[PDB]
Amino acid sequence: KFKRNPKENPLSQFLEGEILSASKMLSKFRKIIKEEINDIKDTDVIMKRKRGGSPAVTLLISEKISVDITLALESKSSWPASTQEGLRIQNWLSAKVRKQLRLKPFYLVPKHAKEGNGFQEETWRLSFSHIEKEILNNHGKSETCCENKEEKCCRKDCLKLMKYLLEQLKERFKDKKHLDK
Amino acid sequence: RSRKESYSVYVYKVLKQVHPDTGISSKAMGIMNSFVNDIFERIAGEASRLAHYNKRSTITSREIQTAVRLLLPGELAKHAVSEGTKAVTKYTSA
Amino acid sequence: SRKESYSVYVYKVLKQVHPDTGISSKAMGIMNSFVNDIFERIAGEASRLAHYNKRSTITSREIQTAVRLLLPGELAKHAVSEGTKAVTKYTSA
Amino acid sequence: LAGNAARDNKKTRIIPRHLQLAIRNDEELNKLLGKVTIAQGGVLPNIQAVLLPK
Amino acid sequence: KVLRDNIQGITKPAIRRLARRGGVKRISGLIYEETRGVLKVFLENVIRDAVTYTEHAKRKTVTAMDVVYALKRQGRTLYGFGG
Amino acid sequence: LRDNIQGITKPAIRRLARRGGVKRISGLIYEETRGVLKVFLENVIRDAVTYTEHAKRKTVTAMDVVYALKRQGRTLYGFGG
Amino acid sequence: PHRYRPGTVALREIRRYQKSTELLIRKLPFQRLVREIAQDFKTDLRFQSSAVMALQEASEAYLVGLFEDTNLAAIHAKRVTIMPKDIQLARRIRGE
Amino acid sequence: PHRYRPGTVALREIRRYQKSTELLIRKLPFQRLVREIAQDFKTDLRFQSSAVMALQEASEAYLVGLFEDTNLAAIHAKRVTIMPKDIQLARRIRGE
DNA sequence: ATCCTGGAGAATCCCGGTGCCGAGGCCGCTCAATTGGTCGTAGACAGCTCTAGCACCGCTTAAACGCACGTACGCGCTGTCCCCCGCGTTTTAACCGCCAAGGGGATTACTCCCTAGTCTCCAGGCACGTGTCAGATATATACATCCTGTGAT
DNA sequence: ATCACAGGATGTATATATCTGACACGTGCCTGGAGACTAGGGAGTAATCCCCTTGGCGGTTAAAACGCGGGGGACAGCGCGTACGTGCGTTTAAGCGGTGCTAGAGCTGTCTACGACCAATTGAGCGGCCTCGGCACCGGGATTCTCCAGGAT
Ligand SMILES: [Zn+2]
């Protein structure tokens, strides 16, 4: 929901009562992109029918490339109290890095509240993808570890292998659907 | 020693609810103290007039409410009214 | 069903300055608004001066200071002179 | 609002300046305190377009 | 019944007459509209306060004093209608 | 302790003008500016003196300055209040 | 034929309106405007005739003072004709 | 012999002074100005250092606001350079 | 194109009388001023402490002062054009006076109950003390914006 | 002759390491907040009286609305020249730090003249009344404006 805001808020068109509609924004977001991709003349771009809300749009470029597009709201307020104990890097990357990161914004992605046997349509989920990126590229408490071979650790290597293990298994068993989620 | 009153302690607490991870300089605090005393006087001052105008010896939640509407502009005035109205409703219920 | 005003006193003052001049009811109503406006201000400031200096009593001094803060140039001055006398005299009266 | 200003400036606290920026950017507070002079508040960085070159 | 478009009740000659009293010799055609949009704000601010005072007092009819307080609040005092 | 209005240096005046968004300053501004600044100070200082005198003091305090400014539609925050 | 030139009358009218004390805005029209505005905030809104007059004089006084500053702005701009921007400058300087 | 053109620097200074919060008027000079004015009311008067600062900040704030309006008047007059009269107009409109 | 009478044609001032309703003076009466005595505490006064405001000294150095170059700006002059003004005729609804109805403001009488004022007791908040982290300073590196030449168009 | 580009020059933003003093947090009071109690005056409620606001009618009249012609001001464009801006080198006194003095703010404790408070008495002032006199309006005449024609510049 939006707080008091005197001037006109242009996102008002996506409001439903007090609440910003994830459904409207996602629906319109892909509608805009759809109309616009038909104006891409040198590259053939096809839109996929949407299923979930984490990727708002999937674009299909010729016969080789796919692009998942995620829409996110940006908030520069202090992070919600529920994040207070998150970003548990204090003993890893340091409490001071944790503090620095938390002076940055957090994000909200249109996301229906997936639950036991159903979901809520206009919920938004907290997103820290930008922090995740910063961490992956600043995974050391030395913070420059791996940008120099003297301080080469395998955190990044282990993650790639872990991702690769899961991805390979998902590909291996994509047909048995066990691993789709 | 003589002793002085301020809202410094209450200002800190409010800051924590909006920004749990931030602090405040001594000057900003001095300013917030100047601010609180200014607003207090105005509301109390206007409330005084309303009590006088309407022939009363007492200031109630209404005189405070009306003073707020007259002093504060647009919506800001409203939230102050909503919170006050509630706080009284609640105080006697708490 | 009764009001009070300064209409009677204003009328008299007009004679002290202009013995042969009359006055409309509106001019009188205007003068009444004027008197009440000035009264409130001086009393307001006198209160405050007592407050600032952490006191309960308004004296002729607070009135004097209030006059100066509100009135500009000679008006402030002639008023102080007159106020001082009225008190000085009232006491000896 | 001042806290947001503090964050904009990559700080962990509010200083008199942040209070000024906050008050002025918010139209209704701008008015409530429209006659208020803030010690060390500075001003908003408003430069008239006619003063700028092409 | 509801009223409307009485902003036009402030006629062109009326605006000109005010302008003339103010020493304005010559008036651009767009002034009329521009002036109304300013008069209106003034009226809105004064009337509203007068209503606010009226409501506080729990009355329906606005009196001269309610208007006087409203104008005083905006800092423009008016003599002869009370005080 | 005379014509200390000249202690307000030209650059000092220009810098204030700049802060106000002034890009170019006429050569006659310096003097005109002073004729205004002085009046402002005269009005504020005098009230502060009046308050100081009322209180039977000799030293003007920040509070006396604040009251002087306040009443001119200018509350100043930072020195108490 | 005979007539006065443009500006001769305007100066005359300036004299005359400065001179007179009456209202320049029609009363019933003004009164209605007050109500039209009033009906936004609330219904059951009534006015005493003295309240309406009080509003009218304050309203005219406001506009006249505004026009005086507007006129000066036009003069500052080396003009006789006042334009919306001369009004706007005056207001802005006032702090509206 | 590199140079920055007229107006490039002026805009730069505007940017900076709008941004910063510090006093622009020299202190000992300002302090003395206060006293010279003060002595015209009363000799052997004293000030707290905080009183002088309070005066200085209010004084600068006043002038800056004045300059902002002065600047607008000059712009209204189609001019970048501010002249004594632009100050006078702004003041007058403000009721001075 | 611009100055100087002299007349014509409205518009504004002055003169004298009508008549009206708003000011100004009088009478009753009533309740807010005055008097007179009692209580207690706010303010006047003297005394003492010791904070902090004044005055002075010398050194460092960033600001202020004055000058020279040159060019972007202010200013005045010209001509177009168009959009206000001034007049006359037609149309509208504001104003005035009168009437009736009734809604809501103003006053009355009465009764609690919601506050002020009192005393008791304890914990919330302020003055002081101490430790260390955020921001300021300063160093050095790299990116962004501005302004002449320089060829391409 | 103008566009844009590339290079240089300059200034800004950026990461980095080190410093220090201003915040954040903890301790020990101690006096203002909170609980408990009575007493009584203000605010709330309803009766109901009647004043004033609302609505409506019909004339009558000035005031608005509309349209037309034509002068006069607003505006754009041009060119002159000078008054500001920018950068350089020299001079100034501002700022910093430290020292030393004591004038005056700030607090304590004592004592008493002053004002809140209450009860009694009464005459200064408010509401309602009549009277008629200064002001507003009417109509006529005087003269004081503005503007054009025709004859000077
Ligand atoms: Zn690593």
# chains A, B, ... in the order shown; residues from 1 in each chain; ligands from 1
>>> select_by_dssp(residues="region 25-63 of chain E", states="strand (DSSP E or B)", output="list in words")
residues 26, 27, 61 and 62 of chain E
>>> interface_residues(of="chain C", to="chain I", cutoff="10 Å", atoms="only C-alpha atoms (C1' of nucleotides)", output="ChimeraX atom specification")
/C:1,22-25,55-57
>>> closest_residue(among="B:67, B:43, B:59, B:18", to="chain J", atoms="only C-alpha atoms (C1' of nucleotides)")
B:59
>>> residues_near_ligand(ligand="ligand 1", cutoff="7 Å", atoms="only C-alpha atoms (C1' of nucleotides) and all ligand atoms", output="list in words")
residues 139, 140, 145, 146, 151, 152, 153, 154, 155 and 156 of chain A
>>> residues_around(residues="residue 37 (chain H)", least_positions_apart="4", cutoff="12 Å", atoms="only C-alpha atoms (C1' of nucleotides)", output="PDB file with C-alpha atoms, in the first residue's frame")
ATOM      1  CA  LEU F   1      33.776  49.998  15.442  1.00  0.00           C
ATOM      2  CA  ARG F   2      32.368  52.236  12.649  1.00  0.00           C
ATOM      3  CA  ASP F   3      30.713  51.568   9.226  1.00  0.00           C
ATOM      4  CA  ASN F   4      31.166  47.872   9.992  1.00  0.00           C
ATOM      5  CA  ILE F   5      28.707  47.260   7.242  1.00  0.00           C
ATOM      6  CA  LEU F  37      20.634  43.958   5.727  1.00  0.00           C
ATOM      7  CA  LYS F  38      21.142  46.753   8.122  1.00  0.00           C
ATOM      8  CA  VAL F  39      17.452  47.353   8.556  1.00  0.00           C
ATOM      9  CA  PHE F  40      16.858  43.672   9.157  1.00  0.00           C
ATOM     10  CA  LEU F  41      19.535  43.575  11.825  1.00  0.00           C
ATOM     11  CA  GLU F  42      18.284  46.761  13.385  1.00  0.00           C
ATOM     12  CA  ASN F  43      14.826  45.369  13.833  1.00  0.00           C
ATOM     13  CA  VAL F  44      15.954  42.056  15.234  1.00  0.00           C
ATOM     14  CA  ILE F  45      18.701  43.331  17.482  1.00  0.00           C
ATOM     15  CA  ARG F  46      16.569  46.029  18.949  1.00  0.00           C
ATOM     16  CA  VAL F  49      17.726  44.380  23.423  1.00  0.00           C
TER      17      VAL F  49
ATOM     18  CA  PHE H  30      29.516  40.307  11.249  1.00  0.00           C
ATOM     19  CA  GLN H  31      29.950  40.344  14.987  1.00  0.00           C
ATOM     20  CA  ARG H  32      31.198  43.888  14.851  1.00  0.00           C
ATOM     21  CA  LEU H  33      28.326  44.951  12.620  1.00  0.00           C
ATOM     22  CA  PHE H  41      20.538  51.657  21.228  1.00  0.00           C
ATOM     23  CA  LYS H  42      22.832  51.096  24.197  1.00  0.00           C
ATOM     24  CA  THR H  43      26.538  51.254  25.134  1.00  0.00           C
ATOM     25  CA  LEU H  45      26.071  45.812  25.824  1.00  0.00           C
TER      26      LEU H  45
END
>>> residues_around(residues="region 56-63 of chain A", least_positions_apart="6", cutoff="12 Å", atoms="only C-alpha atoms (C1' of nucleotides)", output="PyMOL selection string")
chain A and resi 22-34+36-38+40-50+69-72+109-111
>>> write_last_selection(atoms="N, CA and C atoms", output="compact mmCIF listing (two decimals), in the first residue's frame")
# COMPACT_ATOMS: atom_id res chain seq x y z
N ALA A 22 -0.59 -6.35 -7.94
CA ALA A 22 0.43 -7.10 -8.63
C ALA A 22 -0.13 -7.64 -9.94
N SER A 23 -1.39 -8.04 -9.90
CA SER A 23 -2.03 -8.60 -11.07
C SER A 23 -2.13 -7.59 -12.19
N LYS A 24 -2.54 -6.37 -11.85
CA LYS A 24 -2.68 -5.34 -12.86
C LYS A 24 -1.35 -4.93 -13.43
N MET A 25 -0.38 -4.73 -12.56
CA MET A 25 0.90 -4.31 -13.04
C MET A 25 1.54 -5.36 -13.92
N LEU A 26 1.51 -6.63 -13.50
CA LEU A 26 2.09 -7.67 -14.34
C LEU A 26 1.37 -7.82 -15.66
N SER A 27 0.04 -7.75 -15.61
CA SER A 27 -0.76 -7.89 -16.81
C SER A 27 -0.45 -6.80 -17.82
N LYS A 28 -0.35 -5.58 -17.32
CA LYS A 28 -0.07 -4.45 -18.16
C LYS A 28 1.37 -4.41 -18.62
N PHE A 29 2.28 -4.79 -17.73
CA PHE A 29 3.69 -4.86 -18.07
C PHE A 29 3.93 -5.75 -19.27
N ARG A 30 3.36 -6.96 -19.26
CA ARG A 30 3.56 -7.83 -20.40
C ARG A 30 2.80 -7.32 -21.61
N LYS A 31 1.64 -6.67 -21.39
CA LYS A 31 0.85 -6.10 -22.52
C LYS A 31 1.68 -5.04 -23.24
N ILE A 32 2.40 -4.19 -22.49
CA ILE A 32 3.21 -3.13 -23.07
C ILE A 32 4.35 -3.71 -23.87
N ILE A 33 5.02 -4.69 -23.27
CA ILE A 33 6.15 -5.31 -23.91
C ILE A 33 5.71 -6.04 -25.16
N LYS A 34 4.60 -6.75 -25.09
CA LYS A 34 4.07 -7.44 -26.25
C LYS A 34 3.90 -6.50 -27.44
N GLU A 36 5.24 -3.66 -27.95
CA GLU A 36 6.53 -3.11 -28.31
C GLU A 36 7.44 -4.10 -29.03
N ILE A 37 7.43 -5.37 -28.63
CA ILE A 37 8.28 -6.34 -29.31
C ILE A 37 7.86 -6.51 -30.76
N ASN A 38 6.59 -6.28 -31.06
CA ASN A 38 6.14 -6.36 -32.44
C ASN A 38 6.75 -5.23 -33.28
N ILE A 40 10.03 -4.62 -32.90
CA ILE A 40 11.40 -5.06 -33.11
C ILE A 40 11.46 -5.74 -34.46
N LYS A 41 12.18 -5.11 -35.37
CA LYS A 41 12.09 -5.49 -36.77
C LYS A 41 13.26 -6.35 -37.23
N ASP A 42 14.44 -6.13 -36.67
CA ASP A 42 15.62 -6.87 -37.12
C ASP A 42 15.74 -8.20 -36.39
N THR A 43 15.24 -8.25 -35.17
CA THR A 43 15.27 -9.47 -34.37
C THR A 43 13.86 -10.01 -34.23
N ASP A 44 13.69 -11.32 -34.36
CA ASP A 44 12.36 -11.86 -34.14
C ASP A 44 12.20 -12.13 -32.66
N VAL A 45 11.26 -11.43 -32.04
CA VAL A 45 10.94 -11.63 -30.64
C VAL A 45 9.50 -12.06 -30.37
N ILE A 46 9.33 -13.22 -29.76
CA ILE A 46 8.01 -13.78 -29.54
C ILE A 46 7.76 -13.76 -28.03
N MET A 47 6.56 -13.39 -27.61
CA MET A 47 6.23 -13.51 -26.20
C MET A 47 5.58 -14.84 -25.82
N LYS A 48 5.98 -15.36 -24.67
CA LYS A 48 5.37 -16.54 -24.07
C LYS A 48 4.14 -16.16 -23.25
N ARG A 49 3.16 -17.06 -23.17
CA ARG A 49 2.04 -16.87 -22.25
C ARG A 49 2.54 -16.99 -20.81
N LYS A 50 2.18 -16.03 -19.97
CA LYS A 50 2.63 -16.02 -18.59
C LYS A 50 1.93 -17.08 -17.76
N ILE A 69 12.12 -11.72 -17.79
CA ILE A 69 12.09 -10.35 -17.31
C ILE A 69 11.28 -10.27 -16.03
N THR A 70 11.93 -9.78 -14.98
CA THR A 70 11.28 -9.61 -13.69
C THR A 70 11.07 -8.13 -13.42
N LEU A 71 9.85 -7.79 -13.05
CA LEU A 71 9.51 -6.45 -12.62
C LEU A 71 9.62 -6.33 -11.11
N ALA A 72 10.30 -5.29 -10.64
CA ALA A 72 10.45 -5.09 -9.20
C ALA A 72 10.19 -3.65 -8.78
N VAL A 109 8.77 -7.81 -5.50
CA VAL A 109 8.40 -8.32 -6.80
C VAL A 109 6.97 -8.79 -6.73
N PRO A 110 6.17 -8.56 -7.77
CA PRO A 110 4.80 -8.99 -7.83
C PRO A 110 4.85 -10.47 -7.63
N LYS A 111 4.12 -10.98 -6.63
CA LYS A 111 4.17 -12.43 -6.31
C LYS A 111 2.95 -12.84 -5.51
>>> closest_atom_pairs(of="chain H", to="chain D", cutoff="7 Å", atoms="only C-alpha atoms", output="CSV")
residue,atom,partner,partner_atom,distance
H:15,CA,D:45,CA,6.5
H:18,CA,D:43,CA,5.3
H:19,CA,D:45,CA,6.3
H:20,CA,D:42,CA,5.9
H:21,CA,D:42,CA,4.4
H:22,CA,D:40,CA,6.3
H:57,CA,D:39,CA,6.7
H:58,CA,D:37,CA,7.0
>>> interface_residues(of="chain C", to="chain F", cutoff="9 Å", atoms="only C-alpha atoms", output="ChimeraX atom specification")
/C:49,53,61-62,65,68-69
>>> interface_residues(of="chain B", to="chain F", cutoff="12 Å", atoms="only C-alpha atoms", output="ChimeraX atom specification")
/B:4-7,25-41
>>> residues_around(residues="residue 14 (chain E)", least_positions_apart="2", cutoff="12 Å", atoms="only C-alpha atoms (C1' of nucleotides)", output="MDAnalysis selection string")
(chainID E and resid 7:12 16:21 32 35:36) or (chainID G and resid 17 22:27 29:30 60 63:64) or (chainID J and resid 63:64)
>>> select_by_dssp(residues="chain E", states="helix (DSSP H, G or I)", output="ChimeraX atom specification")
/E:7-9,12-21,31-56,64-73
>>> decode(residues="region 17-75 of chain E", atoms="C-alpha atoms", output="PDB file, in the first residue's frame")
ATOM      1  CA  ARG E  17     -13.129  47.352 -11.575  1.00  0.00           C
ATOM      2  CA  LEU E  18     -11.001  45.670  -8.952  1.00  0.00           C
ATOM      3  CA  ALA E  19      -7.974  45.885 -11.175  1.00  0.00           C
ATOM      4  CA  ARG E  20      -8.642  49.535 -11.807  1.00  0.00           C
ATOM      5  CA  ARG E  21      -8.959  50.347  -8.171  1.00  0.00           C
ATOM      6  CA  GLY E  22      -5.548  48.710  -7.823  1.00  0.00           C
ATOM      7  CA  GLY E  23      -4.138  51.130 -10.401  1.00  0.00           C
ATOM      8  CA  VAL E  24      -4.243  48.707 -13.308  1.00  0.00           C
ATOM      9  CA  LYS E  25      -4.737  50.572 -16.520  1.00  0.00           C
ATOM     10  CA  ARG E  26      -4.794  47.846 -19.125  1.00  0.00           C
ATOM     11  CA  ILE E  27      -5.830  44.252 -18.756  1.00  0.00           C
ATOM     12  CA  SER E  28      -4.883  41.228 -20.867  1.00  0.00           C
ATOM     13  CA  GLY E  29      -7.773  38.988 -21.881  1.00  0.00           C
ATOM     14  CA  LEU E  30      -6.314  36.042 -19.975  1.00  0.00           C
ATOM     15  CA  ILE E  31      -6.266  37.955 -16.682  1.00  0.00           C
ATOM     16  CA  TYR E  32      -9.979  37.274 -16.100  1.00  0.00           C
ATOM     17  CA  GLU E  33      -9.439  33.534 -15.857  1.00  0.00           C
ATOM     18  CA  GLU E  34      -6.139  33.875 -14.078  1.00  0.00           C
ATOM     19  CA  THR E  35      -7.621  36.209 -11.513  1.00  0.00           C
ATOM     20  CA  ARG E  36     -10.622  33.965 -10.793  1.00  0.00           C
ATOM     21  CA  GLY E  37      -8.264  31.030 -10.149  1.00  0.00           C
ATOM     22  CA  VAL E  38      -6.592  33.098  -7.422  1.00  0.00           C
ATOM     23  CA  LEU E  39      -9.713  34.623  -5.915  1.00  0.00           C
ATOM     24  CA  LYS E  40     -11.052  31.175  -5.610  1.00  0.00           C
ATOM     25  CA  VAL E  41      -8.153  29.937  -3.547  1.00  0.00           C
ATOM     26  CA  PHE E  42      -8.494  32.880  -1.209  1.00  0.00           C
ATOM     27  CA  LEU E  43     -12.194  32.227  -0.759  1.00  0.00           C
ATOM     28  CA  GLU E  44     -11.612  28.559  -0.247  1.00  0.00           C
ATOM     29  CA  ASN E  45      -9.171  29.191   2.523  1.00  0.00           C
ATOM     30  CA  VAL E  46     -11.285  31.713   4.344  1.00  0.00           C
ATOM     31  CA  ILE E  47     -14.606  29.979   3.957  1.00  0.00           C
ATOM     32  CA  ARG E  48     -13.186  26.696   5.043  1.00  0.00           C
ATOM     33  CA  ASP E  49     -11.762  28.082   8.239  1.00  0.00           C
ATOM     34  CA  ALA E  50     -15.034  29.844   8.919  1.00  0.00           C
ATOM     35  CA  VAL E  51     -16.784  26.530   8.453  1.00  0.00           C
ATOM     36  CA  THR E  52     -14.247  24.750  10.609  1.00  0.00           C
ATOM     37  CA  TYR E  53     -14.893  27.235  13.405  1.00  0.00           C
ATOM     38  CA  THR E  54     -18.623  26.930  12.818  1.00  0.00           C
ATOM     39  CA  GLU E  55     -18.479  23.153  13.045  1.00  0.00           C
ATOM     40  CA  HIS E  56     -16.339  23.240  16.166  1.00  0.00           C
ATOM     41  CA  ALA E  57     -19.076  25.315  17.771  1.00  0.00           C
ATOM     42  CA  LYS E  58     -21.518  22.751  16.428  1.00  0.00           C
ATOM     43  CA  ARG E  59     -23.505  25.243  14.436  1.00  0.00           C
ATOM     44  CA  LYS E  60     -24.882  25.187  10.921  1.00  0.00           C
ATOM     45  CA  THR E  61     -25.115  28.864  10.233  1.00  0.00           C
ATOM     46  CA  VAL E  62     -21.886  30.758   9.716  1.00  0.00           C
ATOM     47  CA  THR E  63     -21.706  34.065  11.546  1.00  0.00           C
ATOM     48  CA  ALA E  64     -19.571  37.133  11.057  1.00  0.00           C
ATOM     49  CA  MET E  65     -17.250  36.091  13.863  1.00  0.00           C
ATOM     50  CA  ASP E  66     -16.564  32.760  12.226  1.00  0.00           C
ATOM     51  CA  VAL E  67     -15.478  34.667   9.151  1.00  0.00           C
ATOM     52  CA  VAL E  68     -13.475  37.129  11.198  1.00  0.00           C
ATOM     53  CA  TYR E  69     -11.568  34.353  12.979  1.00  0.00           C
ATOM     54  CA  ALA E  70     -10.988  32.672   9.618  1.00  0.00           C
ATOM     55  CA  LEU E  71      -9.534  35.818   8.123  1.00  0.00           C
ATOM     56  CA  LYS E  72      -7.482  36.547  11.251  1.00  0.00           C
ATOM     57  CA  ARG E  73      -6.080  33.001  11.025  1.00  0.00           C
ATOM     58  CA  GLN E  74      -4.869  33.798   7.501  1.00  0.00           C
ATOM     59  CA  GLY E  75      -3.492  37.048   8.948  1.00  0.00           C
TER      60      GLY E  75
END
